[PDB]
Amino acid sequence: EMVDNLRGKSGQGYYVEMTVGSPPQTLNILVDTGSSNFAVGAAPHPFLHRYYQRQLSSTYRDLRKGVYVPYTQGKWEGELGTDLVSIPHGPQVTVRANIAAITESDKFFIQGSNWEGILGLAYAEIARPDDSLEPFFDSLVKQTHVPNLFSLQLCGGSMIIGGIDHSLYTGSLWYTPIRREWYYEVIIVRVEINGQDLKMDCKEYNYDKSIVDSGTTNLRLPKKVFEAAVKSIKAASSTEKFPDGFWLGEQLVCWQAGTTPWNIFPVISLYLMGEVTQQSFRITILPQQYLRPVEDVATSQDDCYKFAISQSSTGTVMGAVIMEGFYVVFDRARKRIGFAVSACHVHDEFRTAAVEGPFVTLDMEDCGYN
Ligand SMILES: CCNc1cc(C(=O)N[C@@H](Cc2ccccc2)[C@H](O)CN[C@@H](C)C(=O)NC2CCCCC2)cc(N2CCCC2=O)c1
């Protein structure tokens with residue numbers, strides 16, 4: 001009953017239905033493994049179809065403390081409190097959780113996105129104002145008998161809370177360690193573009209951290225890695241030449257409907273640290289993932305795309321574009337993240353997204369930046 005409980009797209013996020021308060025107020029909440037605050041619109045906003053009304057909830061408790069949260073994209077401020085929370089298409093439980101009532105915001109809410117709030121699924125270490133503000137998932141686990149694990153199949157999609165749904169993936173689940181419990185931090189040991197190694201000291205891939213982040217759209221790479229990757233992707237696709245603006249995400253690329261030349265763009269393989277010394281596995285993604293479709297009836301004689309790999313000065317972010325088509329298990333209990341090919345893997349008649357291993361490195365270097 002938890003299958004297909006997500007709606008949305010990489011560009012504007014994936015969201016799950018929740019209720020807050022007593023009597024229950026229904027809100028759509030973006031699922032974000034890249035933050036740790038649970039927050040809902042709690043005042044009128046041009047892009048909000050609805051919002052949390054604390055005055056109507058008899059179970060609302062004000063903590064008399066304000067909070068401010070900046071993201072890569074957008075920021076908000078609100079008032080902290082607690083209230084009862086349920087998930088209609090998740091486990092049938094009711095938890096009292098911390099909730100930030102958003103009363104001011106800038107470039108956070110998205111026009112026509114259909115969500116009114118955000119569920120930060122990462123660890124307390126990155127919650128605001130500080131790590132004493134217990135995150136929702138921790139409250140869920142402490143107060144119910146729900147196992148300390150969840151999985152995401154982003155396609156719509158599914159969030160399976162408390163376990164793994166085997167009908168959502170094929171083949172093997174490969175696990176990479178959670179290096180530190182704050183973000184879901186992982187380690188990338190190798191990057192290939194069409195099978196060709198970028199030939200970088202592997203610490204560069206994780207400067208200064210690498211995270212798995214359902215709340216970010218793009219694959220975001222450290223500048224040095226980004227430049228190397230774009231150079232290689234340009235070379236692989238050189239049968240066609242695009243404006244610099246495209247590679248910077250400042251411009252769409254369009255082809256006549258149905259003629260997108262997928263085959264001129266390379267596959268990208270990210271090798272993740274395994275659970276055993278010097279072993280790794282790889283996930284391979286196709287251009288169908290990193291060229292993000294931009295829907296617009298005005299342009300619809302064409303199919304148009306944005307380049308969904310971009311630069312970062314705060315480390316690698318494996319965003320929704322990377323997670324799409326994979327079944328990703330956030331196994332908090334065992335401090336590891338699992339990857340498998342999803343029931344909604346994309347692929348065409350020549351190539352397929354994949355998760356495969358084991359691979360061995362002869363290099364003993366630790367790829368962690370710190
Ligand atoms: C889905 C919307 N698209 C979209 C969203 C973000 C973004 O900032 N998402 C946040 C959630 C969100 C979701 C929807 C709307 C706003 C924010 C995540 O929480 C980001 N996670 C890490 C990187 C972070 O900054 N965490 C903070 C650390 C400090 C304490 C609080 C958590 C970034 C891009 N970007 C920016 C450049 C390339 C890209 O894809 C596109």
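Definitions and cut-offs
- Residues numbered from 1 in each chain as written, not as in the entry; some residues may be left out.
- Heavy atoms only, no water.
- Residues with missing side-chain atoms left out of burial classes, pairs and counts.
- Salt bridge = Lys/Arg side-chain N within 4 Å of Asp/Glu carboxyl O.
- Buried < 20%, exposed > 50% of the residue type's maximum accessible area, 1.4 Å probe, protein only.
- Helix = DSSP H or I, 4+ residues; strand = E, 2+ residues; numbered from the N terminus.
- Pairing = 2+ DSSP bridges.
- Axes fitted to C-alpha atoms, helices over the stretch in contact; angles between N-to-C directions.
- Domains from an automatic or database assignment.
- Contact = heavy atoms within 4.5 Å.
- Buried area = accessible area lost by both parts, 1.4 Å probe.
- Polar contact = N/O pair within 3.5 Å; in protein donor to acceptor, adjacent residues only side chain to side chain.
- 1 Å grid on protein atoms, 1.4 Å probe; cavity = no way out; pocket = protein on both sides within 12 Å on 5 of 7 lines; lining within 4 Å.
- Points joined across faces, edges and corners; volume = space filled by probe spheres on them.
- Nonpolar A, V, L, I, M, F, W, Y, C, P; charged D, E, K, R; others polar.

## Focus: the pattern of salt bridges
Scanning the entire structure with this criterion turns up 12 salt bridges. The partner of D208 in a salt bridge is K209, with the nearest N and O atoms 3.6 Å apart. Overall, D208 belongs to the partly exposed group, its relative accessible area being 29%. By relative accessible area, which is 10% here, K209 ends up buried. In this structure, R282 and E356 form a salt bridge, with 2.6 Å as the shortest nitrogen-oxygen distance. Here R282 is found in strand β19 (residues 279-285), whereas its partner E356 is found in strand β26 (residues 354-360), with 74 residues between them in sequence. Its relative accessible area of 27% is what places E356 among the partly exposed residues. Residues joined in a network through salt bridges with shared partners are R190, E192 and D197.

## A few points about the pairing of strand β13 (residues 188-193)
The element β13 is extensively covered by neighbouring structure, given that 5 of its 6 residues are classed as buried. In terms of strand pairing, β13 meets strand β18 (residues 268-273) through 5 bridges, oriented antiparallel. Each residue of the ladder has a partner; that of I188, found in β18, is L272. Bridging between β13 and strand β14 (residues 196-197) involves 2 bridges; their strand directions are antiparallel. Within β14, the residue paired with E192 across the bridge is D197.

## Overview of the sheet that holds strand β21 (residues 302-307)
Judged by pairing direction, the sheet is antiparallel, and its 3 strands sit side by side in the order β17-β21-β20 without closing on themselves. Single-partner strands in this sheet number two, and they are β17 (253-256) and β20 (291-293). Averaged over all pairs of adjacent strands, the angle between strand axes in this sheet comes to 35°, irrespective of strand direction. In this structure, β17 lies alongside β21, joined through 4 bridges in antiparallel fashion. Looking at the pairing, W255 lines up with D303 of β21.

## Some details on the domain arrangement of the protein
When the domains of the protein are assigned, the result is domain 1 (14-146) and domain 2 (147-370). In this structure, domain 1 and domain 2 have C-alpha centres spaced 28 Å apart. In this assembly, 22 residues from domain 1 lie in contact with 26 residues from domain 2. Summing both partners gives a buried area of about 2,000 Å² for domain 1 against domain 2, and 62% of it is carried by carbon and sulfur. For domain 1, the biggest contributors to the area lost against domain 2 are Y14, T33 and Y123; these three give 39% of the whole. There are 2 salt bridges connecting domain 1 and domain 2. Ionic pairing is found between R180 and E125, a salt bridge with its closest N-O pair at 2.3 Å. Counting across the interface, domain 1 meets domain 2 through 12 residue pairs in polar contact. The leading source of residues in the side of domain 1 that touches domain 2 is helix α1 (residues 136-143), at 4 residues.

## Here's the deal with empty space enclosed by the protein
If a probe as big as a water molecule is rolled over the atoms, it shows which places are left empty. Of the volumes computed, that of the largest cavity is approximately 50 Å³. The wall of the largest cavity is formed by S36, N37, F38, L80, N98, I99, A100, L133, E134, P135 and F136. Per-element tally for the lining of the largest cavity: the top contributor is strand β7 (residues 94-106), with 3 residues. Split into classes, the residues belonging to the lining of the largest cavity amount to 7 nonpolar, 3 polar and 1 charged. Computed from the structure, the second largest cavity encloses a volume of approximately 30 Å³. Where the lining of the second largest cavity is concerned, the elements lending two or more residues are β13, β16 (219-222) and β18.

## Quick word on the side chain of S86
Along the chain, the position of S86 falls in strand β6 (residues 75-86). Side-chain polar atoms of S86 contact the side chain of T19, separated by 2.4 Å. Residue contacts for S86: discarding those within four places in its chain leaves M18, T19, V93 and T94.

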